[PDB]
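One structure below.
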Amino acid sequence: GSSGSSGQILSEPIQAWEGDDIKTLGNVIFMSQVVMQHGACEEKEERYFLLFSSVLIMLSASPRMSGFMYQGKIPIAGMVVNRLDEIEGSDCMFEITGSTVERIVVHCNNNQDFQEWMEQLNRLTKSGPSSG
């Protein structure tokens with residue numbers, strides 16, 4: 001083993017999920033409850049992000065507790081991660097774009113987890129580790 005995680009995720013299929021399989025994509029690098037809504041609009045938006053290293057799977061828990069709901073998937077390809085350096089001295093965090101005109105603004109966290117997401121997303125979106 002390694003770490004624990006809520007049930008269902010490993011018992012029932014992901015709601016909305018429809019294509020082939022999730023176990024076919026790979027695994028779940030880093031999974032945690034993030035908050036992605038937009039660039040200041042109304043409020044925040046809690047959601048689950050599953051980094052497979054080949055795509056960013058997103059889940060939702062509209063209800064209370066009962067499995068998850070697959071919203072969309074972001075292929076590492078075309079992805080754009082630069083800890084939102086398009087600004088200047090204004091919160092670290094990072095975004096997850098790579099499409100027509102979509103930008104995923106994930107809320108900070110302040111923990112080894114964050115740095116991780118940035119660490120992987122770094123090599124993910126890219127090809128190989130930064131100066132190994």
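When we count neighbours, we look across all protein chains shown, and the Cβ atoms used for this are built from the backbone with ideal geometry, even at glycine. Where a number appears in this text, it was derived from the coordinates with a stated rule and is not lab data.
Modelled label positions at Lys23 and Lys126, each set 7 Å beyond Cα in the direction of Cβ, lie 3.4 nm from each other. With R₀ fixed at 22 Å, the C-beta to C-beta distance from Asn110 to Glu43 puts the FRET efficiency at about 0.60. Here the residues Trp17, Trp117, ranked from fewest to most Cβ neighbours within 10 Å of their Cβ, fall in the order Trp17, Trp117. Between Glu86 and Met65, full extension at 0.36 nm per residue minus the direct alpha carbon distance yields a gain of 3.9 nm.
Seen against the Cα atoms of the chain and their longest principal axis, helix 112-125 is set at about 80 degrees.
Residues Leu10, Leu121, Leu25, ranked from the fewest to the most other C-beta atoms within 10 Å, line up as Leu10, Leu25, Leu121. By counting other Cβ atoms within 10 Å of each Cβ, how are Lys44, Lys23 ranked from fewest to most? Ordered by Cβ neighbours within 10 Å, fewest first: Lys23, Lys44.
Amide H contacts for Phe30 (H built 1.01 Å from N in the peptide plane; partners 5 or more residues away or on another chain; cut-off under 5 Å): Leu51. Under 5 Å between amide hydrogens, built in the peptide plane, is the criterion, and for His107 it picks out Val35, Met36 among residues at least 5 positions away or on other chains. Apply the a/c threshold of 1.5 to the C-alpha gyration tensor of region 1-125 and tell me whether it is rounded, prolate or oblate. Cα axes put region 1-125 in the prolate bin.
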